[PDB]
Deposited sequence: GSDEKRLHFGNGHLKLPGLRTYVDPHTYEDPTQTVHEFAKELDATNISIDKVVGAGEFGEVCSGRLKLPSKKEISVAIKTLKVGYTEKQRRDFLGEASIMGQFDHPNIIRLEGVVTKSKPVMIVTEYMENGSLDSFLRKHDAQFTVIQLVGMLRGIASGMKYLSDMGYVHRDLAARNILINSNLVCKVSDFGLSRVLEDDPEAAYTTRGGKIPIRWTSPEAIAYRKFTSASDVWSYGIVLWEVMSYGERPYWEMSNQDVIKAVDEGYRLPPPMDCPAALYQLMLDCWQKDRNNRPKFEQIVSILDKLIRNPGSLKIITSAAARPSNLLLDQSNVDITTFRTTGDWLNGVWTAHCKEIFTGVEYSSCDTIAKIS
């Protein structure tokens, strides 16, 4: 079971995060920018003396106490999960400044941008492998009682071996959010399943934006009317059906993450199944 960080004296992070000795951290280069400061790549020397690659996020100089709480709050969530398809927290640095969060390094970065650089260049089995990993991570998160609420290809990271891992544990990504969650903030693991369907579409579309640049009001209305994203080019029928199933109007009719993992495992085991190949499309009822 997950425990929601919220009134601890200062750190609920140390309950779920190792304090690292900064002598064990080396910084290589800046690789991104976040809400709270820079993201860099580097190396961590473990207590066993093994050295691994890591991503390092720093809290900007002159941070507000709210910024520090939000920053470290991500770590306090992430550190509750230990799963091959959820980004691994190596630890935090809080006893010296800048404050740091250290995570496993993912060489190929965010999944959406990675796929956009490789349009039509992976096999269907490679894409299904990516999707299976994401579903497996979500199965564990849902098992722990955690609703992600931001599941999107931009919040999945991918490593040198194409292994995909759920990231971003911080209103309202409209394009990724279930109709009931938009309508009245009904967030459940079934709303994450909806989001997963959108990620499935993103992956099979090589990082096309869901609903393109449609007005948000039109995304909301169109989906409510029963319209759905169309099958990506050369999309296996099995995978488009899985998207449609994730996008059922009635949240109780959507598959559970365990079922999604099972469906994808069957496609991996019987790759011939993927050879059957399938503007918004109306599929009311």
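According to the record, the deposited residues with no C-alpha atom in the structure span 1-20, 27-28, 193-210, 319-325, 333-373.
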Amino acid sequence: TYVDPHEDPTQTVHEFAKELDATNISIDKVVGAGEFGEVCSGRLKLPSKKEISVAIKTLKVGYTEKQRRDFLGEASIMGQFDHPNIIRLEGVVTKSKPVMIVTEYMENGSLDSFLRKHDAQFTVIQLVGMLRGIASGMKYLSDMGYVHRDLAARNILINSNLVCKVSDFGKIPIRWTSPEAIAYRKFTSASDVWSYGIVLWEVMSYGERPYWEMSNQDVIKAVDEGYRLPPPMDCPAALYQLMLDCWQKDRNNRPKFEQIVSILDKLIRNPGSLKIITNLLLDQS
From here on, numbers count along this sequence of modelled residues.
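In the other compared entries of this protein that model both flanking residues, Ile172 lacks coordinates in at least a third of them. If you average the C-alpha B-factors over 178-186 and over 191-199, the higher value belongs to 178-186. Between 158-166 and 88-96, the higher mean Cα B-factor belongs to 88-96. Based on the entry's C-alpha B-factors, the most elevated value among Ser48, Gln241, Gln67, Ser53 belongs to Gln67. Note on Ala153, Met204, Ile172, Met106: the highest value goes to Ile172, judged by CA B factor as recorded. Among the modelled residues of its chain, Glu258 has a C-alpha B-factor that falls in the middle third according to the deposited record. Looking at the C-alpha B-factors along this chain, the one for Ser110 belongs to the lowest third. The PDB entry assigns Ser136 a C-alpha temperature factor belonging to the lowest third of its chain's modelled residues. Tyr63: CA B factor in the highest third of modelled residues in this chain (values from the PDB entry). Ranked by Cα temperature factor within the chain, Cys246 sits in the lowest third according to the deposited record.
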